[PDB]
């Protein structure tokens, strides 16, 4: 119960319906799923939402920086939640950095996951020999500098670029508000690990089926990254490309994302 309160765990739907767990990316929280969850409930799925430790909706006064210096602490948090909810098996939908969390958790407890759905996920953001992840180390250095120097100004610029088209004219402010509610040092240290991570070599270890979903244009996830995960995840894979631009399409263009997410879960 303290574990479930600590992560703001929310369970919606019928107790006997198939379970879908939804993880969120850096800078947002479970409210990123605000336009997705009611469709999942009305489709007779049981929806588990949670906030990763360090999110603005999470209590972080004595944040355990050591435990959360890699994704291992978040993976252990996610595993502890599934056990505390007595979930023997689930579909896991991971947005952005929660994509790798689900991959890593499935490597530790593959029995727990029928299926992974990676939304805007990337195993490595830095370019490499014949790998385009979208970023060079100089971009990251400048990115981190701007985060430390003026976090609010960095958030405003990053949120407009990450959200992309904002037709309903609310997602930039929504994403900006959850990002600015974070502790800047939690955001910095999480970004430093995530943007410089490289999980490419463990992809072949994945055994659970993976649906790969991402926008056609995403400043943080080149389309080449979706093809790369398709060819390098060790299990069954499929790619659905959303006819949108943006890193949080479930928030900014849910009408084009929800049908795809419904198909992938079922």
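Positions refer to the first chain, counted from 1.
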Open item on the list: Which is higher on mean Cα B factor in this entry, 59-67 or 35-43?
Closed with: 59-67
- [ ] Averaging the C-alpha B factors as listed in the entry, name the stretch that ends up higher: 155-163 or 96-104.
- [x] 155-163
Task: C-alpha B-factor winner, where the candidates are 10, 250, 244, 14 - done: 244
TODO: State the tercile, meaning the lowest, middle or highest third, of residue 219 with respect to the CA B-factors recorded for its chain.
DONE: highest
Open item on the list: Please place residue 235 in the lowest, middle or highest third of its chain according to the CA B-factor in the PDB entry.
Closed with: highest
Task: residue 131 by Cα B-factor - lowest, middle or highest third of the modelled chain - done: highest
Task: Chain third (lowest, middle, highest) by recorded CA B-factor, residue given as residue 205 - done: highest
TODO: Within this chain's modelled residues, let me know which third the CA B factor of residue 183 belongs to: lowest, middle or highest.
DONE: lowest
